[PDB]
>>> print(open('my_file-v1.txt').read())   # compact mmCIF, C-alpha atoms
# COMPACT_ATOMS: atom_id res chain seq x y z
CA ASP R 1 -8.54 22.02 -31.94
CA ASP R 2 -4.92 20.87 -32.07
CA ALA R 3 -3.04 18.12 -30.23
CA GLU R 4 -4.46 14.66 -29.54
CA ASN R 5 -8.13 14.29 -28.61
CA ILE R 6 -8.42 10.67 -27.49
CA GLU R 7 -9.30 9.13 -24.12
CA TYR R 8 -6.85 8.10 -21.40
CA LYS R 9 -4.59 5.26 -22.53
CA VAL R 10 -3.42 2.70 -19.96
CA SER R 11 -0.57 0.24 -20.49
CA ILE R 12 1.10 -1.98 -17.89
CA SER R 13 4.87 -2.26 -18.26
CA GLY R 14 6.90 -4.56 -16.03
CA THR R 15 4.56 -4.44 -13.04
CA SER R 16 4.18 -0.73 -13.81
CA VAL R 17 1.22 1.18 -15.22
CA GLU R 18 1.64 3.90 -17.83
CA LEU R 19 -1.37 6.16 -18.36
CA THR R 20 -1.63 8.76 -21.11
CA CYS R 21 -3.41 12.08 -20.55
CA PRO R 22 -4.98 14.09 -23.43
CA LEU R 23 -3.07 17.23 -22.42
CA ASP R 24 0.47 18.26 -23.35
CA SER R 25 2.98 18.05 -20.50
CA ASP R 26 2.95 21.65 -19.28
CA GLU R 27 5.14 23.18 -16.57
CA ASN R 28 2.08 23.06 -14.33
CA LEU R 29 0.35 19.80 -15.30
CA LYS R 30 -1.12 17.85 -12.38
CA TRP R 31 -2.78 14.49 -11.79
CA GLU R 32 -5.40 13.23 -9.33
CA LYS R 33 -6.28 9.84 -7.85
CA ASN R 34 -9.77 9.37 -6.39
CA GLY R 35 -9.25 11.62 -3.38
CA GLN R 36 -5.51 12.27 -3.27
CA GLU R 37 -3.66 14.34 -5.86
CA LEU R 38 -0.17 13.77 -7.26
CA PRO R 39 1.73 17.09 -7.60
CA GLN R 40 4.99 17.79 -9.43
CA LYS R 41 3.57 15.72 -12.28
CA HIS R 42 4.45 17.84 -15.31
CA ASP R 43 4.19 14.82 -17.62
CA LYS R 44 1.54 13.85 -20.17
CA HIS R 45 1.85 10.16 -19.32
CA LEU R 46 1.46 9.22 -15.66
CA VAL R 47 3.42 6.17 -14.55
CA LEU R 48 2.48 3.80 -11.75
CA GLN R 49 5.39 1.60 -10.72
CA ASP R 50 4.19 -1.41 -8.74
CA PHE R 51 0.43 -1.04 -9.13
CA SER R 52 -1.75 -1.99 -6.17
CA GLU R 53 -5.51 -2.25 -6.69
CA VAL R 54 -6.05 -2.31 -2.93
CA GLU R 55 -4.30 1.04 -2.49
CA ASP R 56 -5.13 2.22 -6.03
CA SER R 57 -8.84 1.55 -6.53
CA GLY R 58 -10.62 4.66 -7.76
CA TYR R 59 -10.55 7.30 -10.49
CA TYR R 60 -7.90 9.48 -12.14
CA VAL R 61 -7.72 12.88 -13.82
CA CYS R 62 -5.36 15.24 -15.65
CA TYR R 63 -5.55 19.02 -16.06
CA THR R 64 -3.40 22.10 -16.66
CA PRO R 65 -3.55 25.83 -15.73
CA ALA R 66 -4.81 26.91 -19.15
CA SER R 67 -6.96 23.77 -19.26
CA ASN R 68 -9.51 23.80 -16.45
CA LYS R 69 -11.48 21.01 -18.14
CA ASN R 70 -10.58 17.41 -17.33
CA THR R 71 -12.30 14.02 -17.48
CA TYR R 72 -12.51 11.56 -14.59
CA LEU R 73 -11.26 8.11 -15.59
CA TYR R 74 -11.66 4.85 -13.68
CA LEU R 75 -8.40 3.06 -12.89
CA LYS R 76 -8.50 -0.37 -11.28
CA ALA R 77 -6.02 -3.15 -12.07
CA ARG R 78 -3.40 -5.47 -10.58
CA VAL R 79 0.17 -6.39 -11.44
CA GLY R 80 2.70 -8.93 -10.31
CA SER R 81 6.21 -10.09 -11.10
CA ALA R 82 6.22 -7.88 -14.15
CA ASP R 83 3.49 -9.93 -15.80
CA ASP R 84 5.13 -8.78 -18.99
CA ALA R 85 3.37 -10.70 -21.76
CA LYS R 86 3.58 -8.95 -25.14
CA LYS R 87 1.61 -5.70 -25.11
CA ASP R 88 2.92 -4.31 -28.40
CA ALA R 89 1.69 -3.23 -31.84
CA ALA R 90 -0.42 -0.10 -32.31
CA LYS R 91 -1.93 0.85 -35.67
CA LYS R 92 -2.90 4.42 -36.55
CA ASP R 93 -6.48 5.27 -37.51
CA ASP R 94 -8.28 8.53 -38.29
CA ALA R 95 -8.82 10.76 -35.26
CA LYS R 96 -8.52 14.52 -35.80
CA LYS R 97 -11.12 16.79 -34.19
CA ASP R 98 -14.63 15.49 -33.53
CA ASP R 99 -18.14 16.92 -33.86
CA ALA R 100 -20.11 18.92 -31.29
CA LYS R 101 -17.61 20.87 -29.19
CA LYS R 102 -16.97 24.29 -30.72
CA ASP R 103 -20.68 25.12 -30.37
CA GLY R 104 -20.46 25.65 -26.64
CA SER R 105 -21.55 22.08 -25.95
CA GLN R 106 -22.22 21.10 -22.35
CA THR R 107 -19.08 19.49 -20.95
CA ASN R 108 -17.75 21.20 -17.84
CA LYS R 109 -19.80 20.38 -14.74
CA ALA R 110 -18.37 17.05 -13.59
CA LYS R 111 -16.79 16.62 -10.16
CA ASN R 112 -17.77 13.23 -8.72
CA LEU R 113 -21.41 12.21 -9.12
CA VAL R 114 -21.08 9.05 -11.21
CA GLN R 115 -20.47 5.76 -9.42
CA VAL R 116 -19.83 2.12 -10.32
CA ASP R 117 -20.29 -1.20 -8.52
CA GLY R 118 -17.99 -4.21 -8.42
CA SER R 119 -18.29 -6.15 -5.17
CA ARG R 120 -22.02 -6.90 -4.98
CA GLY R 121 -21.38 -10.23 -3.31
CA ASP R 122 -21.24 -12.29 -6.49
CA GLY R 123 -18.67 -10.08 -8.19
CA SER R 124 -20.88 -8.26 -10.69
CA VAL R 125 -20.10 -4.74 -11.89
CA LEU R 126 -22.93 -2.21 -11.94
CA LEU R 127 -22.05 1.15 -13.47
CA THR R 128 -24.32 3.89 -12.11
CA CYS R 129 -25.00 7.27 -13.73
CA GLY R 130 -27.69 9.92 -14.22
CA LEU R 131 -26.55 11.95 -11.22
CA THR R 132 -29.54 11.84 -8.88
CA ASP R 133 -31.69 11.70 -12.02
CA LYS R 134 -34.90 9.74 -12.29
CA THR R 135 -33.87 9.06 -15.89
CA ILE R 136 -30.60 7.51 -17.06
CA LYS R 137 -29.30 6.30 -20.42
CA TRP R 138 -25.94 4.90 -21.52
CA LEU R 139 -24.17 5.12 -24.87
CA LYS R 140 -21.17 3.21 -26.24
CA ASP R 141 -18.81 4.72 -28.81
CA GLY R 142 -21.60 7.12 -29.75
CA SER R 143 -24.16 4.31 -30.00
CA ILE R 144 -26.84 3.59 -27.41
CA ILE R 145 -26.53 0.26 -25.63
CA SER R 146 -29.38 -0.99 -23.48
CA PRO R 147 -29.26 -3.83 -20.90
CA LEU R 148 -31.05 -7.15 -20.59
CA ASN R 149 -31.82 -6.62 -16.91
CA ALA R 150 -33.24 -3.10 -16.81
CA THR R 151 -31.43 0.13 -15.96
CA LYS R 152 -32.16 0.81 -12.29
CA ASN R 153 -29.62 3.66 -12.35
CA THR R 154 -26.92 1.06 -13.05
CA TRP R 155 -25.26 -0.58 -16.03
CA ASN R 156 -24.51 -4.25 -16.59
CA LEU R 157 -20.77 -4.54 -17.18
CA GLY R 158 -20.18 -8.13 -16.11
CA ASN R 159 -17.98 -10.13 -13.76
CA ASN R 160 -15.41 -7.62 -12.52
CA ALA R 161 -12.92 -10.48 -12.88
CA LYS R 162 -13.16 -10.17 -16.66
CA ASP R 163 -15.92 -8.05 -18.18
CA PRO R 164 -15.79 -4.25 -17.53
CA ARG R 165 -13.27 -2.61 -19.85
CA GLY R 166 -13.97 0.44 -21.99
CA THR R 167 -15.43 3.94 -22.19
CA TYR R 168 -19.13 4.49 -21.49
CA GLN R 169 -21.00 7.80 -21.69
CA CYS R 170 -24.36 8.41 -19.99
CA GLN R 171 -27.18 10.93 -20.31
CA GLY R 172 -29.41 11.94 -17.42
CA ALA R 173 -32.73 13.82 -17.44
CA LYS R 174 -30.86 17.12 -17.30
CA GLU R 175 -27.38 15.84 -16.47
CA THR R 176 -25.20 13.98 -18.97
CA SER R 177 -21.85 12.48 -17.99
CA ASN R 178 -18.83 11.92 -20.24
CA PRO R 179 -17.44 8.53 -21.39
CA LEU R 180 -16.45 6.71 -18.21
CA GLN R 181 -13.20 4.79 -18.57
CA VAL R 182 -13.91 1.61 -16.60
CA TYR R 183 -10.57 -0.21 -16.49
CA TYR R 184 -10.91 -3.43 -14.51
CA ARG R 185 -8.66 -6.46 -14.05
CA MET R 186 -8.08 -8.35 -17.30
>>> encode(input="my_file-v1.txt", output="C-alpha cells")
Amino acid sequence: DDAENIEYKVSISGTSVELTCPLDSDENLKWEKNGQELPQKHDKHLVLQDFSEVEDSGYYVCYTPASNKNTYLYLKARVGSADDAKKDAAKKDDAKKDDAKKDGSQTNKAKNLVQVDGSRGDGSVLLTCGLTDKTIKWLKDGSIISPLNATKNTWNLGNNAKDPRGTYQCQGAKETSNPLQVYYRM
C-alpha cells in the first residue's frame, strides 16, 4: 500500500555496486546472495564495494520480519578502477500502487526454480522459466514478448556481453514467476 513499490535498483559507484531493495530498512532487514546470506544488513540499499562477477555471479533478495515476501533478482556485473563514467540524472514518473495485488493474487511461492543461461559456448543468454512446466510464456513490462527462435523453456536475451538487461516475468502452465531482474555486464 505505502512506501515504494518498484523493482531492485542497481548502480555502480566507484568500483562499488549499490542495490536498492523495495523494503524500508528495518532493525531486522536481511539480504541474500545466491546461496550465501548477508546478515547484519539493516539497510534498504545493499552496497557491494569492489564487485567481482566471478565471486558474485547469482541472484539477490531482500526481506524483513514483518515482510516474508521477497523477490529474487539476478545480479551479475563487473567493475574496475572505479569505472566512474557519469551515472547521474533521474527523473520522477508516476508509480504509486499497481493493479492486481489486494485481491489475494498469487505471488508467494518462489524459492529457486527459475534459471538463466549465459555461457552456452558462443556467449548467448537463455532465460529459462515455467518451473518444470510443459508450457512457458514470458512478458515484458506487462506486455507479452515472443522470440524468433522458439521458446524451448528458454528466452532469447542476447550476447551476455551486451544484451540481457531488464525485468522479465514468466507464466507457466500452473506456475507463474515474477519479473526476473537480469542484470548482465554492460
>>> closest_atom_pairs(input="my_file-v1.txt", of="range 65-165 of chain R", to="range 178-182 of chain R", cutoff="9 Å", atoms="all atoms listed in the file", output="Markdown table")
| residue | atom | partner | partner_atom | distance |
| --- | --- | --- | --- | --- |
| R:71 | CA | R:178 | CA | 7.4 |
| R:72 | CA | R:180 | CA | 7.2 |
| R:73 | CA | R:181 | CA | 4.9 |
| R:74 | CA | R:182 | CA | 4.9 |
| R:75 | CA | R:182 | CA | 6.8 |
| R:76 | CA | R:182 | CA | 7.8 |
| R:107 | CA | R:178 | CA | 7.6 |
| R:110 | CA | R:178 | CA | 8.4 |
| R:114 | CA | R:180 | CA | 8.7 |
| R:116 | CA | R:182 | CA | 8.6 |
| R:127 | CA | R:182 | CA | 8.7 |
| R:139 | CA | R:179 | CA | 8.3 |
| R:140 | CA | R:179 | CA | 8.1 |
| R:141 | CA | R:179 | CA | 8.5 |
| R:164 | CA | R:182 | CA | 6.2 |
| R:165 | CA | R:182 | CA | 5.4 |
>>> closest_residue(input="my_file-v1.txt", among="R:82, R:6, R:161, R:29", to="residue 118 in chain R", atoms="all atoms listed in the file")
R:161
>>> atom_distance(input="my_file-v1.txt", atom1="CA of residue 15 in chain R", atom2="CA of residue 52 in chain R")
9.6 Å
>>> atom_distance(input="my_file-v1.txt", atom1="CA of residue 185 in chain R", atom2="CA of residue 42 in chain R")
27.6 Å
>>> closest_residue(input="my_file-v1.txt", among="R:156, R:11, R:135, R:108", to="residue 77 in chain R", atoms="all atoms listed in the file")
R:11
>>> closest_residue(input="my_file-v1.txt", among="R:133, R:120, R:26, R:167", to="residue 9 in chain R", atoms="only C-alpha atoms")
R:167
>>> residues_around(input="my_file-v1.txt", residues="residue 136 in chain R", least_positions_apart="3", cutoff="8 Å", atoms="all atoms listed in the file", output="ChimeraX atom specification")
/R:129-130,133,151,153,170-173
>>> write_last_selection(input="my_file-v1.txt", atoms="C-alpha atoms", output="PDB file, in the frame of the given file")
ATOM      1  CA  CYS R 129     -25.000   7.270 -13.730  1.00  0.00           C
ATOM      2  CA  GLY R 130     -27.690   9.920 -14.220  1.00  0.00           C
ATOM      3  CA  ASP R 133     -31.690  11.700 -12.020  1.00  0.00           C
ATOM      4  CA  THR R 151     -31.430   0.130 -15.960  1.00  0.00           C
ATOM      5  CA  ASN R 153     -29.620   3.660 -12.350  1.00  0.00           C
ATOM      6  CA  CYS R 170     -24.360   8.410 -19.990  1.00  0.00           C
ATOM      7  CA  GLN R 171     -27.180  10.930 -20.310  1.00  0.00           C
ATOM      8  CA  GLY R 172     -29.410  11.940 -17.420  1.00  0.00           C
ATOM      9  CA  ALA R 173     -32.730  13.820 -17.440  1.00  0.00           C
TER      10      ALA R 173
END
>>> residues_around(input="my_file-v1.txt", residues="residue 51 in chain R", least_positions_apart="3", cutoff="7 Å", atoms="all atoms listed in the file", output="PDB file with C-alpha atoms, keeping the file's coordinate frame")
ATOM      1  CA  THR R  15       4.560  -4.440 -13.040  1.00  0.00           C
ATOM      2  CA  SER R  16       4.180  -0.730 -13.810  1.00  0.00           C
ATOM      3  CA  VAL R  17       1.220   1.180 -15.220  1.00  0.00           C
ATOM      4  CA  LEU R  48       2.480   3.800 -11.750  1.00  0.00           C
ATOM      5  CA  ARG R  78      -3.400  -5.470 -10.580  1.00  0.00           C
ATOM      6  CA  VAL R  79       0.170  -6.390 -11.440  1.00  0.00           C
TER       7      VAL R  79
END
>>> closest_residue(input="my_file-v1.txt", among="R:99, R:162, R:126, R:30", to="residue 147 in chain R", atoms="all atoms listed in the file")
R:126
>>> closest_residue(input="my_file-v1.txt", among="R:87, R:92, R:41, R:137", to="residue 150 in chain R", atoms="only C-alpha atoms")
R:137
>>> closest_residue(input="my_file-v1.txt", among="R:91, R:96, R:152, R:86", to="residue 138 in chain R", atoms="only C-alpha atoms")
R:152
>>> atom_distance(input="my_file-v1.txt", atom1="CA of residue 128 in chain R", atom2="CA of residue 32 in chain R")
21.3 Å
>>> build_atoms(input="my_file-v1.txt", residues="range 75-111 of chain R", atoms="N, CA and C atoms", output="compact mmCIF listing (two decimals), in the frame of the given file")
# COMPACT_ATOMS: atom_id res chain seq x y z
N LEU R 75 -9.58 3.91 -12.85
CA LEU R 75 -8.40 3.06 -12.89
C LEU R 75 -8.43 2.00 -11.80
N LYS R 76 -8.48 0.74 -12.21
CA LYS R 76 -8.50 -0.37 -11.28
C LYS R 76 -7.90 -1.62 -11.94
N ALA R 77 -6.70 -1.98 -11.51
CA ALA R 77 -6.02 -3.15 -12.07
C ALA R 77 -4.99 -3.70 -11.09
N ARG R 78 -4.41 -4.84 -11.43
CA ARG R 78 -3.40 -5.47 -10.58
C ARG R 78 -2.21 -5.93 -11.41
N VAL R 79 -1.04 -5.95 -10.78
CA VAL R 79 0.17 -6.39 -11.44
C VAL R 79 0.98 -7.27 -10.51
N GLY R 80 1.86 -8.07 -11.09
CA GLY R 80 2.70 -8.93 -10.31
C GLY R 80 3.83 -9.52 -11.11
N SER R 81 4.99 -9.55 -10.49
CA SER R 81 6.21 -10.09 -11.10
C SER R 81 6.34 -9.66 -12.54
N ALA R 82 6.13 -8.38 -12.79
CA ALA R 82 6.22 -7.88 -14.15
C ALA R 82 5.57 -8.87 -15.09
N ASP R 83 4.25 -9.00 -14.97
CA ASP R 83 3.49 -9.93 -15.80
C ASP R 83 3.61 -9.55 -17.26
N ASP R 84 4.82 -9.19 -17.62
CA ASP R 84 5.13 -8.78 -18.99
C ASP R 84 4.82 -9.90 -19.97
N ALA R 85 3.78 -9.71 -20.78
CA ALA R 85 3.37 -10.70 -21.76
C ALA R 85 3.88 -10.33 -23.16
N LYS R 86 3.20 -9.39 -23.80
CA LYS R 86 3.58 -8.95 -25.14
C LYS R 86 2.67 -7.83 -25.62
N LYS R 87 2.46 -6.83 -24.77
CA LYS R 87 1.61 -5.70 -25.11
C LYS R 87 2.32 -4.76 -26.09
N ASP R 88 2.28 -5.11 -27.37
CA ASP R 88 2.92 -4.31 -28.40
C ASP R 88 1.96 -4.03 -29.55
N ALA R 89 2.50 -3.53 -30.66
CA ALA R 89 1.69 -3.23 -31.84
C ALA R 89 0.67 -2.13 -31.54
N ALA R 90 0.52 -1.20 -32.48
CA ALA R 90 -0.42 -0.10 -32.31
C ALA R 90 -0.62 0.65 -33.63
N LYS R 91 -1.63 0.22 -34.39
CA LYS R 91 -1.93 0.85 -35.67
C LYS R 91 -2.34 2.31 -35.48
N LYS R 92 -2.51 3.02 -36.60
CA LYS R 92 -2.90 4.42 -36.55
C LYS R 92 -4.12 4.67 -37.43
N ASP R 93 -5.24 5.01 -36.79
CA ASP R 93 -6.48 5.27 -37.51
C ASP R 93 -6.79 6.77 -37.53
N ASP R 94 -7.88 7.13 -38.20
CA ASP R 94 -8.28 8.53 -38.29
C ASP R 94 -8.84 9.02 -36.96
N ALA R 95 -8.37 10.18 -36.52
CA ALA R 95 -8.82 10.76 -35.26
C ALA R 95 -8.31 12.19 -35.10
N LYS R 96 -8.91 13.11 -35.85
CA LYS R 96 -8.52 14.52 -35.80
C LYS R 96 -9.75 15.41 -35.66
N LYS R 97 -9.98 15.91 -34.45
CA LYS R 97 -11.12 16.79 -34.19
C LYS R 97 -12.43 16.05 -34.41
N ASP R 98 -13.33 16.15 -33.44
CA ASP R 98 -14.63 15.49 -33.53
C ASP R 98 -15.74 16.51 -33.74
N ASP R 99 -16.99 16.05 -33.67
CA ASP R 99 -18.14 16.92 -33.86
C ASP R 99 -18.74 17.32 -32.51
N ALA R 100 -19.48 18.43 -32.51
CA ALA R 100 -20.11 18.92 -31.29
C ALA R 100 -19.07 19.22 -30.22
N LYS R 101 -18.61 20.46 -30.17
CA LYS R 101 -17.61 20.87 -29.19
C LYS R 101 -17.34 22.37 -29.28
N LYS R 102 -17.23 22.87 -30.50
CA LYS R 102 -16.97 24.29 -30.72
C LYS R 102 -18.27 25.11 -30.69
N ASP R 103 -19.39 24.44 -30.43
CA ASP R 103 -20.68 25.12 -30.37
C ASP R 103 -21.13 25.31 -28.93
N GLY R 104 -20.16 25.46 -28.05
CA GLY R 104 -20.46 25.65 -26.64
C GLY R 104 -21.24 24.49 -26.05
N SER R 105 -20.88 23.28 -26.45
CA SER R 105 -21.55 22.08 -25.95
C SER R 105 -21.33 21.91 -24.45
N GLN R 106 -22.31 21.32 -23.78
CA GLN R 106 -22.22 21.10 -22.35
C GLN R 106 -21.19 20.02 -22.03
N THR R 107 -20.14 20.41 -21.32
CA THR R 107 -19.08 19.49 -20.95
C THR R 107 -18.08 20.15 -20.01
N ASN R 108 -18.58 20.55 -18.85
CA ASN R 108 -17.75 21.20 -17.84
C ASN R 108 -18.09 20.69 -16.45
N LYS R 109 -19.35 20.83 -16.06
CA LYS R 109 -19.80 20.38 -14.74
C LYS R 109 -19.63 18.87 -14.60
N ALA R 110 -18.64 18.47 -13.81
CA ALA R 110 -18.37 17.05 -13.59
C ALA R 110 -17.30 16.86 -12.53
N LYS R 111 -17.72 16.80 -11.27
CA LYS R 111 -16.79 16.62 -10.16
C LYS R 111 -16.69 15.15 -9.77
